[PDB]
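Student: Shown below is the structure under consideration.
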Amino acid sequence: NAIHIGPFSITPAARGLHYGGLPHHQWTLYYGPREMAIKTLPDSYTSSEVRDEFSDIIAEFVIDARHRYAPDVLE
Amino acid sequence: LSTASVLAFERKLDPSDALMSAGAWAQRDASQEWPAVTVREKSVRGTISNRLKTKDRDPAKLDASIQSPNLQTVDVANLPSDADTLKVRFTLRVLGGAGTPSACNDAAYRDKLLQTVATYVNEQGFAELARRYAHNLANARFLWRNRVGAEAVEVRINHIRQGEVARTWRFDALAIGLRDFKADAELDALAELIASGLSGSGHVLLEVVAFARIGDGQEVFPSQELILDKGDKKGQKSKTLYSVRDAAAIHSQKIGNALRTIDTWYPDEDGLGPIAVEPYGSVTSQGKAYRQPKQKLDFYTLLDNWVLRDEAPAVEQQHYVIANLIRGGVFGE
Amino acid sequence: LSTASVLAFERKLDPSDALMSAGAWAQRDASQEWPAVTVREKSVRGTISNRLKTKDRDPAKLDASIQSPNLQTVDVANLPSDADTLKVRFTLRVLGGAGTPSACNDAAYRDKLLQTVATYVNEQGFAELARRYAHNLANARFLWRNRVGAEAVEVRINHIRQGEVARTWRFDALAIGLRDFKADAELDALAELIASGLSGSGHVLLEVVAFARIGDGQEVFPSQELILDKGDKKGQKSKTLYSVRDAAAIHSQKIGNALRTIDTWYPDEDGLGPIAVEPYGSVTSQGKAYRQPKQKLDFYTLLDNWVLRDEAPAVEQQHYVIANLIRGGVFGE
Amino acid sequence: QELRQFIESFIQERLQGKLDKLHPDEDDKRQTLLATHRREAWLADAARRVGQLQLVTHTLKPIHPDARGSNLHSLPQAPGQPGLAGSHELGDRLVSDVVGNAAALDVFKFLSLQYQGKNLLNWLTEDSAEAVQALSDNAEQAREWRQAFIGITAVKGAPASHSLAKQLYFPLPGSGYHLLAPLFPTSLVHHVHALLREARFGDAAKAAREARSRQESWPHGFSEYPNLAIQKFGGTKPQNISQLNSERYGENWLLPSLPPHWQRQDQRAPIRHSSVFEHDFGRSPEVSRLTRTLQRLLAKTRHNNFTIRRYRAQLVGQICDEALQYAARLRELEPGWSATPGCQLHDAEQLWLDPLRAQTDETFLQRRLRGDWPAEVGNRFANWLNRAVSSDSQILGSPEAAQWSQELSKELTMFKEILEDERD
Amino acid sequence: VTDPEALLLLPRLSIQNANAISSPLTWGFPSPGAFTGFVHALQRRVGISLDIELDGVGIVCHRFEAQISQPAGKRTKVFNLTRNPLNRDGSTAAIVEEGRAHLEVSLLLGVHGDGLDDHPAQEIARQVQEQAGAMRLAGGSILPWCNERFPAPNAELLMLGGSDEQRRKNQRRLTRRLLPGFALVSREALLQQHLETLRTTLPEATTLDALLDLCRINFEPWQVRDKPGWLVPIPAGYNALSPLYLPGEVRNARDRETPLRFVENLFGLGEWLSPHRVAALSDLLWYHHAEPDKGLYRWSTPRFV
DNA sequence: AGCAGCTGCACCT
DNA sequence: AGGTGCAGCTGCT
């Protein structure tokens, strides 16, 4: 059950684990082919919570890409 | 007369949070710059070890549960790899004025209580309770698991009157057992000191330092914290040790519970050893309450028979209720 | 009579964290100032070698994945380029008093359990269990992957009575295999010492040092930690090795799991070799439960048939039950 | 009339919950006997439970679940002394709390549902024909039902406290003492909890949080609360303590009342040459945040130049006190004064920040340090302040930059006086 | 209301297991009413027998250490508890949450009586120290003497004695012993000022004390609206919920010889400041005063600015 | 001749 | 890691 936020995709790791007694899964955030992050989130997390875990990294990507590819300024 | 609606005994025998440190044996006299034992983290991977239900004995389901790894993060505390001696240090103040409650709604009940404990001190001193407390300071009972399997334990108690040391006691805590109560001249002198502190004739201050010879790099056992679970959330760290300013420590109430393990007069047995004193004297390890209210040996009915009904119990039960007075509590309806 | 609700056993055979250092072979008797094996980082470019989903086995997608490889930072530990011998050192204390639980509810259950283990000790000593523990110390099984493909392994075991060595054992750990349990005079003397420690008739503390001749600059394998998240705020660090004071180290539970690999009585086979003693004795490397509860040979059914219904099993399974008692754990509802 | 019909529907909903617990052995016999008795006398059954209810603002059960005492419903008088916040100020924001058994809380939920829709919340008591015609009971039974709601709205408690309550002593001016038994304000924390959970999550709060990441500004207010502590009330069952304890899930949120530096971190004063040379500047985390907040205010115009200059003076006085506190904590933290390998001018300022001479420290060097006070190190601190305050021809050519430099020089003079008071 | 003739300094008081919560809204430093009750019990215990009265407290909080934890998936915090003993049936207990902490605080105490008249200052300071080394401060024990051998003795300092410049120099050399910690004052005037300038939008008072002590992040006209100091919430005192009650008419009182009342906490704003920012060292003394015609039972520190 | 306690059961979200 | 009440209960007299 992958999650797509624009060009980003968050996929689970196809076999979970037990952290602290609770079942978890590793979610990977990709921007196309480039792997951006990995988190270990529990089960009984809705997809909105999985989105809001990676929303900060997505927002920092947007900030850096907006500042890097800013157009030129004439005065 | 009746019981007061409020009753509140401030505790005596206030201990400190016992801090841990480490070093080598036969350097324990110069053990003031010994570095603290710190709390680290590590990872554990376990298996399924608990009892399964009768519905879940299926072997395919057991293998499918095994093939998911079980991982925890665990706080640990060890000795350094070149030190073999754990040093546990705390301070214990004895206040005195063991009879007076901090709160009493009934005035005549508090006067009857005051003359009752006054007559109890007049009948005999605190020397039974004081000798038992000095035993629990002599053998290292406050080393809870750190004492178990140790090679040699040694306790030093410094009575400090002014800013310097008034007197020193030196004990081999493994000769003094945890079962019986002996009599020794140094131990009886310490018993006189803590009895005189309990009698209101002074404010005694003690520094207790215990040296346990465990081994190089072995594990020590400080107190554990109470963390209630974040159930519908991420997994937590499944052990958390107590630390005071990055030094592994035992809780104050843990040392206090180890101190008042004096009660050898509970009706169930006498060879199982002393227990801690509390109303309906109940040990958490056995999970079972000795001194039940259906027999007349718990604290509340004994206090009501001694004060309200003026039926003085036996001298060991007067010792028990006096120990519950020193222990403190919030009693009432 | 039923089993207790809570019932817990503290572990005997407590090891410490094993520390790694490096040096040259035949200087190994002067191996007290050998410098530690340090954990470094290096870059790793990961190729594509997983099984594909076959909804992603299109060649254009595969070549697009191959054109953009991903990179990690990885903790690594090697020997120095001039040293060829890995030295691994830890301490192990044998305690004794194996039958007594540290927590119980029923008094009748713990008394039945205590007389059960008392009858076990009276039928035979700890000689089989301590023989197998001494074998697992003799062969250097606690070198998990460092033993694999070593040229020569030598174990020095020092029984340490006071602060100095009482007795010394020297073993060629490749002659003593990992498969069977032979007989040897020095090995039987070590087994008698471990059995004397397990019987409560002494305080056993050993220092175990292992020298493995691997090669110059070769990779050693310390214990490995747990990584929950990974991002660009780190170095995309995807592997963390355990470390005590800037020293590559092995977890204490890893050494403990390699010590109790004694179970040769599991019903499935015996040509595979011994496994570690677990309730429903399971191997994480094989994903399988030997001693399934459908057969009557797991720990819980054997213990309940031995204690409650007095059905004493075979002496091999009695060894297995007492091994699970020395291993410790939480057994209850 | 019609309100009465609605009440019957509510009773039916209760029956449905019972229905889920279905038993084929004898569940139909209990179900028919329960449903007929409910449809006949739901109000008569509910009034007996509603007698146990109490409508209250202040509860004793959060102090201890074992404790039993009088819980009072009142809104206290407006206090005369200024600078005060309390539960008394927001009277229209108030919500009523319920104390009783959980079966009584079922009837409390039924009464709260009956209050909605029509005017029957105030009209349960003040009505006869419209109440009884909808209730479908006799006029005497309707009067008995109205008396039950009037009693449940009232307190019905004898004045008393418990032994597990606080009951503290306040001293009088030149006289004896008074006992004060403080009660847990429950409506007040429920209102503060509503405001906090509104500030933390809403479409407004989440929209402003996404707008901070997007950095594109619409007119909005965005609130943020750091390190609240969560306190769980009683056991795992929150309904035992109060009714609103079940709605807030038995937890109340506590705002930080902490001192400023409550997480002590060891500072490495020790002997590096570049370590002492860079520690002469000594930029810390909170000092860095204060420096950024001060540097943002610099370009401000003259229309807010008075308040902006007052804020800059307050920031400079806070930074000087933070530097003094950091020097004091660094001096107390290090046990000795360790010699440094190749540390010139880091040792030069560290002699001004020095503790007493140690065993490794020389008596001659210690006497030389004790003889001369380090005011020149304060001049070096002024060089740090010129490093902190950016100046140029926009400030040097204008008149405001000279006044800002004069205020910074006055603050540096006060700091230099405080520093030179120790040495010499 | 009364300017002290002298100040006594309880030098470095270490306290274990002190109460942290102290309020139904705050959890950090304990309430100043605990310190006022401390010196009133100290006056009851050793103050009366020396022809000395004690009036207020100045508190500086050298160090803090709360027994809390953060539960690994949330930004809030939980408290660490204790294992209470079992019930009489041996089942379990009921978990009531209490919040413990560790404190290092110094106390500034004002004196009006025959201070240097009947007894010298050193003996008064020593026996007040000996009395305070046997009680407990805020629900937690005063931790006794450890290997801190230096900070033991006090300094009974006469306020108005000496020249005015010498008065400033001795209060500065006493402030030299109060450097690491940050003193605590009341800020009811700043509260009312922000309440009046906030009331241009809406007339609410508790929402002010909410909005005073958080991190308000205002949008770009990204900034953080900031107060110049360390503004915290404090329990400002007590306001009665009830009329006066006679000593006998309420059951389960602490005593049947003292009148009783039912009260509520009034909450206000305090402020932590550096002790060098105040010139007169008698400005920090927290006095508690009763207005028994109504419920206003207050701790504050008047005569501060 | 009752009394008081007491244990146990049930409620409920 | 619940408070509550109350129904029923024990009882021996």
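Labeling convention for the structure tokens: chains A, B, ... as they appear, residues from 1 per chain, ligands from 1 in order of appearance.
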Once chain B is fitted onto chain C over all Cα atoms in order, please give the RMSD.
Tutor: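 It comes to 1.2 Å after superposition.
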Student: Using only C-alpha atoms, find each residue of chain A with at least one atom at most 7 Å away from an atom of chain B; report its shortest atom-to-atom pair and that distance in Å (one decimal), sort the rows by chain and rising residue number, and return the result as a Markdown table.
Tutor:
| residue | atom | partner | partner_atom | distance |
| --- | --- | --- | --- | --- |
| A:16 | CA | B:68 | CA | 6.9 |
| A:17 | CA | B:68 | CA | 5.4 |
| A:18 | CA | B:70 | CA | 4.7 |
| A:19 | CA | B:71 | CA | 5.0 |
| A:20 | CA | B:235 | CA | 4.5 |
| A:21 | CA | B:235 | CA | 6.9 |
| A:22 | CA | B:235 | CA | 5.9 |
| A:41 | CA | B:234 | CA | 6.7 |
| A:42 | CA | B:234 | CA | 5.6 |
Student: Would you output that residue set with N, CA and C atoms, as a compact mmCIF listing (two decimals), in the first residue's frame?
Tutor:
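Written file, out-v9.txt:
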# COMPACT_ATOMS: atom_id res chain seq x y z
N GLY A 16 7.48 -6.70 8.30
CA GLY A 16 7.66 -5.84 9.45
C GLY A 16 8.60 -6.44 10.48
N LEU A 17 8.60 -5.81 11.65
CA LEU A 17 9.39 -6.27 12.78
C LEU A 17 8.61 -5.96 14.04
N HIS A 18 9.17 -6.28 15.19
CA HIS A 18 8.54 -5.98 16.46
C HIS A 18 9.48 -5.10 17.26
N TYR A 19 9.16 -3.83 17.36
CA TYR A 19 9.94 -2.89 18.15
C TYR A 19 9.14 -2.53 19.39
N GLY A 20 9.75 -2.73 20.56
CA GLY A 20 9.09 -2.45 21.81
C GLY A 20 7.88 -3.30 22.08
N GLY A 21 7.81 -4.49 21.49
CA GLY A 21 6.63 -5.31 21.54
C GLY A 21 5.60 -5.01 20.46
N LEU A 22 5.71 -3.89 19.79
CA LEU A 22 4.64 -3.60 18.84
C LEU A 22 5.10 -3.86 17.41
N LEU A 41 7.85 3.05 11.30
CA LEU A 41 6.60 3.49 11.86
C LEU A 41 5.77 2.29 12.27
N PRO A 42 4.99 2.37 13.33
CA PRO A 42 4.21 1.21 13.76
C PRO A 42 3.07 0.91 12.80
Student: Provide the atom CA of residue D:394 to atom CA of residue D:315 distance in Å, to one decimal place.
Tutor: 21.2 Å
Student: Mind listing the helix (DSSP H, G or I) residues of stretch 28-274 of chain E, per DSSP on the backbone, as a VMD selection string?
Tutor: chain E and resid 32 to 50 115 to 118 121 to 132 164 to 175 188 to 198 206 to 212
Student: Residue G:6: which residues within 10 Å, counting only C-alpha atoms (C1' of nucleotides), same-chain residues fewer than 2 positions away excluded, as JSON, numbers by chain?
Tutor: {"F": [9, 10], "G": [4, 8]}
Student: Using only C-alpha atoms (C1' of nucleotides), determine which residues lie at most 6 Å from stretch 258-272 of chain E, disregarding the query and same-chain residues fewer than 4 positions distant; provide the list as a PyMOL selection string.
Tutor: (chain D and resi 84-86+178-182) or (chain E and resi 182-187+230-242+244-247)
Student: Tell me which of E:80, E:26, E:193, E:200 sits closest to chain D, counting only C-alpha atoms.
Tutor: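 Of E:80, E:26, E:193, E:200, the one nearest chain D, counting only C-alpha atoms, is E:26.
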Student: Within 12 Å of residue D:360, counting only C-alpha atoms (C1' of nucleotides), which residues qualify if same-chain residues fewer than 3 places away don't, as a list in words?
Tutor: residues 336, 337, 338, 339, 340, 356, 357, 363, 364, 365 and 366 of chain D
Student: With N, CA, C and O atoms retained, write the just-selected residues as a tab-separated table (two decimals), in the first residue's frame.
Tutor:
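Once everything was written out, this is again22.tsv:
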chain	number	residue	atom	x	y	z
D	336	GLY	N	39.27	22.41	38.62
D	336	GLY	CA	40.53	23.11	38.67
D	336	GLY	C	40.65	24.10	37.54
D	336	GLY	O	39.74	24.27	36.73
D	337	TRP	N	41.80	24.77	37.48
D	337	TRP	CA	42.15	25.62	36.35
D	337	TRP	C	43.32	24.97	35.62
D	337	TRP	O	44.48	25.15	35.99
D	338	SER	N	43.01	24.22	34.57
D	338	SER	CA	43.99	23.36	33.92
D	338	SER	C	44.83	24.17	32.94
D	338	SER	O	44.32	25.05	32.24
D	339	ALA	N	46.13	23.88	32.92
D	339	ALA	CA	47.02	24.48	31.93
D	339	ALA	C	46.68	23.94	30.55
D	339	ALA	O	46.24	22.80	30.40
D	340	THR	N	46.89	24.77	29.54
D	340	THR	CA	46.49	24.43	28.18
D	340	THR	C	47.72	24.35	27.30
D	340	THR	O	48.66	25.14	27.46
D	356	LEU	N	40.34	30.07	41.46
D	356	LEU	CA	41.51	30.22	42.32
D	356	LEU	C	42.68	29.37	41.82
D	356	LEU	O	42.50	28.44	41.02
D	357	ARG	N	43.87	29.70	42.30
D	357	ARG	CA	45.07	28.98	41.91
D	357	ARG	C	45.06	27.57	42.51
D	357	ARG	O	44.72	27.38	43.68
D	363	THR	N	52.11	29.77	42.42
D	363	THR	CA	51.79	30.82	43.37
D	363	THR	C	52.18	32.19	42.82
D	363	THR	O	51.53	33.20	43.13
D	364	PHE	N	53.23	32.24	42.00
D	364	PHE	CA	53.64	33.50	41.39
D	364	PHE	C	52.65	33.95	40.32
D	364	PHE	O	52.26	35.12	40.27
D	365	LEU	N	52.24	33.02	39.45
D	365	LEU	CA	51.23	33.35	38.44
D	365	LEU	C	49.88	33.63	39.08
D	365	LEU	O	49.14	34.51	38.61
D	366	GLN	N	49.55	32.91	40.15
D	366	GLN	CA	48.31	33.18	40.88
D	366	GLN	C	48.35	34.55	41.55
D	366	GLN	O	47.34	35.26	41.58
Student: Give me, as number ranges by chain, all polymer residues having an atom no more than 9 Å from residue C:228, counting only C-alpha atoms (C1' of nucleotides) and skipping those fewer than 3 positions away in the same chain.
Tutor: A: 26, 38-41
Student: Now that the selection is made, can you save its residues with C-alpha atoms as a PDB file, in the first residue's frame?
Tutor:
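Saved result, out-v8.pdb, follows:
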ATOM      1  CA  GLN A  26      10.043   0.426   7.592  1.00  0.00           C
ATOM      2  CA  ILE A  38      13.671   5.686   5.875  1.00  0.00           C
ATOM      3  CA  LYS A  39      11.530   5.648   9.011  1.00  0.00           C
ATOM      4  CA  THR A  40      10.238   2.833  11.211  1.00  0.00           C
ATOM      5  CA  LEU A  41       6.602   3.486  11.862  1.00  0.00           C
TER       6      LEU A  41
END
Student: Can you check which residues of chain E have any atom within 12 Å of chain A? Use only C-alpha atoms and format it as a list in words.
Tutor: residues 72, 73 and 74 of chain E
Student: Residues of chain D were defined as contacting chain A if any atom lay at most 9 Å from it, counting only C-alpha atoms; please report them as a PyMOL selection string.
Tutor: chain D and resi 210+213-215
Student: So that I have them on file, write out the residues from the current selection with N, CA, C and O atoms, as a PDB file, in the first residue's frame.
Tutor:
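Once written, again_3.pdb looks like this:
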ATOM      1  N   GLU D 210       1.398  24.242   7.745  1.00  0.00           N
ATOM      2  CA  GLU D 210       1.808  24.012   6.365  1.00  0.00           C
ATOM      3  C   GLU D 210       2.282  25.310   5.719  1.00  0.00           C
ATOM      4  O   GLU D 210       3.158  25.296   4.849  1.00  0.00           O
ATOM      5  N   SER D 213       5.956  25.967   6.414  1.00  0.00           N
ATOM      6  CA  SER D 213       6.821  25.228   5.508  1.00  0.00           C
ATOM      7  C   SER D 213       6.796  25.825   4.107  1.00  0.00           C
ATOM      8  O   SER D 213       7.839  25.941   3.453  1.00  0.00           O
ATOM      9  N   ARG D 214       5.612  26.219   3.638  1.00  0.00           N
ATOM     10  CA  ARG D 214       5.476  26.808   2.310  1.00  0.00           C
ATOM     11  C   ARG D 214       6.062  28.214   2.255  1.00  0.00           C
ATOM     12  O   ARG D 214       6.377  28.718   1.167  1.00  0.00           O
ATOM     13  N   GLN D 215       6.170  28.871   3.417  1.00  0.00           N
ATOM     14  CA  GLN D 215       6.711  30.221   3.623  1.00  0.00           C
ATOM     15  C   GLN D 215       5.905  31.289   2.893  1.00  0.00           C
ATOM     16  O   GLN D 215       6.411  32.392   2.657  1.00  0.00           O
TER      17      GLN D 215
END
Student: Which residues, written as a list in words, have at least one atom at most 8 Å from residue B:86, with only C-alpha atoms (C1' of nucleotides) counted and residues fewer than 6 positions away on the same chain left out?
Tutor: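 Near neighbours after the sequence-gap exclusion: residues 20, 21, 22, 23, 79, 210, 211, 212, 213, 214 and 220 of chain B.
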Student: State, in Å with one decimal place, the distance from atom CA of residue B:59 to atom CA of residue C:302.
Tutor: 17.4 Å
Student: Find the residues in chain F near chain D: any atom within 8 Å counts, using only C-alpha atoms (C1' of nucleotides). Write them as a PDB file with N, CA, C and O atoms (P, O5', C5', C4', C3', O3' and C1' of nucleotides), in the first residue's frame.
Tutor:
ATOM      1  P    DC F  11     -24.418  -6.222  34.713  1.00  0.00           P
ATOM      2  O5'  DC F  11     -24.364  -4.632  34.651  1.00  0.00           O
ATOM      3  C5'  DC F  11     -24.167  -3.887  35.855  1.00  0.00           C
ATOM      4  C4'  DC F  11     -24.170  -2.409  35.554  1.00  0.00           C
ATOM      5  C3'  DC F  11     -23.716  -2.083  34.155  1.00  0.00           C
ATOM      6  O3'  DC F  11     -24.358  -0.927  33.696  1.00  0.00           O
ATOM      7  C1'  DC F  11     -22.065  -1.369  35.737  1.00  0.00           C
ATOM      8  P    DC F  12     -24.834  -0.860  32.167  1.00  0.00           P
ATOM      9  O5'  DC F  12     -23.933   0.307  31.559  1.00  0.00           O
ATOM     10  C5'  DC F  12     -23.656   1.458  32.345  1.00  0.00           C
ATOM     11  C4'  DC F  12     -22.193   1.858  32.234  1.00  0.00           C
ATOM     12  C3'  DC F  12     -21.588   1.684  30.860  1.00  0.00           C
ATOM     13  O3'  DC F  12     -21.879   2.806  30.064  1.00  0.00           O
ATOM     14  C1'  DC F  12     -20.062   0.986  32.587  1.00  0.00           C
ATOM     15  P    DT F  13     -22.305   2.618  28.528  1.00  0.00           P
ATOM     16  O5'  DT F  13     -21.448   3.731  27.776  1.00  0.00           O
ATOM     17  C5'  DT F  13     -20.801   4.745  28.534  1.00  0.00           C
ATOM     18  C4'  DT F  13     -19.325   4.825  28.183  1.00  0.00           C
ATOM     19  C3'  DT F  13     -18.982   4.412  26.767  1.00  0.00           C
ATOM     20  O3'  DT F  13     -19.176   5.506  25.882  1.00  0.00           O
ATOM     21  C1'  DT F  13     -17.358   3.601  28.351  1.00  0.00           C
TER      22       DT F  13
END
Student: Quick one: contact table of chain C to chain B, 9 Å max, nearest atom pair and distance in Å to one decimal per residue, counting only C-alpha atoms, chain and number order, as a Markdown table?
Tutor:
| residue | atom | partner | partner_atom | distance |
| --- | --- | --- | --- | --- |
| C:6 | CA | B:287 | CA | 8.9 |
| C:14 | CA | B:218 | CA | 8.0 |
| C:15 | CA | B:218 | CA | 7.1 |
| C:16 | CA | B:218 | CA | 5.2 |
| C:17 | CA | B:217 | CA | 7.3 |
| C:19 | CA | B:81 | CA | 8.5 |
| C:90 | CA | B:217 | CA | 7.8 |
| C:91 | CA | B:216 | CA | 6.5 |
| C:92 | CA | B:218 | CA | 8.1 |
| C:93 | CA | B:215 | CA | 7.9 |
| C:94 | CA | B:149 | CA | 8.4 |
| C:95 | CA | B:149 | CA | 5.7 |
| C:96 | CA | B:149 | CA | 8.3 |
| C:102 | CA | B:285 | CA | 7.7 |
| C:103 | CA | B:285 | CA | 5.4 |
| C:104 | CA | B:286 | CA | 5.5 |
| C:105 | CA | B:286 | CA | 5.3 |
| C:106 | CA | B:286 | CA | 8.1 |
| C:107 | CA | B:286 | CA | 8.5 |
| C:161 | CA | B:151 | CA | 8.9 |
| C:162 | CA | B:151 | CA | 8.6 |
| C:163 | CA | B:25 | CA | 7.9 |
| C:203 | CA | B:151 | CA | 6.8 |
| C:204 | CA | B:149 | CA | 9.0 |
| C:205 | CA | B:215 | CA | 7.4 |
| C:207 | CA | B:216 | CA | 8.6 |
| C:224 | CA | B:43 | CA | 8.3 |
| C:225 | CA | B:43 | CA | 5.7 |
| C:226 | CA | B:43 | CA | 6.1 |
| C:242 | CA | B:42 | CA | 7.8 |
| C:251 | CA | B:42 | CA | 8.2 |
| C:253 | CA | B:44 | CA | 7.8 |
| C:278 | CA | B:49 | CA | 7.0 |
| C:279 | CA | B:49 | CA | 5.5 |
| C:280 | CA | B:49 | CA | 7.3 |
| C:281 | CA | B:49 | CA | 8.9 |
| C:282 | CA | B:47 | CA | 7.7 |
| C:283 | CA | B:66 | CA | 8.5 |
| C:284 | CA | B:67 | CA | 7.0 |
| C:286 | CA | B:67 | CA | 8.6 |
| C:287 | CA | B:67 | CA | 5.1 |
| C:288 | CA | B:63 | CA | 5.4 |
| C:289 | CA | B:63 | CA | 6.1 |
| C:292 | CA | B:59 | CA | 6.4 |
| C:293 | CA | B:57 | CA | 5.9 |
| C:294 | CA | B:57 | CA | 6.5 |
| C:300 | CA | B:51 | CA | 7.2 |
| C:329 | CA | B:49 | CA | 8.0 |
| C:330 | CA | B:50 | CA | 6.9 |
| C:331 | CA | B:50 | CA | 6.3 |
| C:332 | CA | B:51 | CA | 6.7 |
| C:333 | CA | B:51 | CA | 6.9 |
